[PDB]
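One chain follows as structure tokens, the form deposited in one PDB entry.
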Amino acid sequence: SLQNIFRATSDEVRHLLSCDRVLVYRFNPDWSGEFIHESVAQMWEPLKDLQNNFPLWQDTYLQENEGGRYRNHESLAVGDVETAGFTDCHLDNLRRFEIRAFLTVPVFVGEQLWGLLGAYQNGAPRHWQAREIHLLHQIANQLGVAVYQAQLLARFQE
């Protein structure tokens, strides 16, 4: 349904970026959220297993700030988490999952922030390129459309 769409999308980013993990995050109406889909290289445990054994610092930032920078269509592009100046808790979280560089972009459904699309590299910093960021935005835009049109089709319910 939307599941094979998330799967197709997540696998597409992972291959085009040759990264370690790709995640789709979905917001709730109160701006809490969760990761609802992953594509991950064979090397690494699924997120869900990590989450069940490897505790994290609580992270309520996005929720408290109703989507944070994503709300204004901004993205995060991080070549090295170790030099980025994150809070200690955020770095410690990223470190727990061996994330060393990542990209995170907004996903808009209609004109509302629906989620995030994240791409992660473990173990070594990255020199992200503009065309990689551009392609990630294109994919994120297409995902938004797909979800938007699946909502419209649901709305068609008689």
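Residue numbers here begin at 1 and follow the sequence given. Heads up, when I say rigid core I mean the largest set of C-alphas that superpose within 1.5 Å between the two forms.
This next part talks about the form deposited in another entry, which is not shown.
Annotation: Cα of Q42 displaced by less than 2 Å between this form and the one not shown, core superposition.
Relative to the superposed rigid core, the position of the CA of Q51 differs between this form and the one not shown by 2 Å or more. After superposition on the rigid core, displacement of the C-alpha of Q129 between this form and the one not shown stays below 2 Å. Relative to the displayed conformation, the Cα-Cα distance from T87 to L56 grows by 3 Å or more in the other entry.
In contrast to the form presented, in the other entry the C-alpha positions of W114 and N52 draw closer by 3 Å or more.
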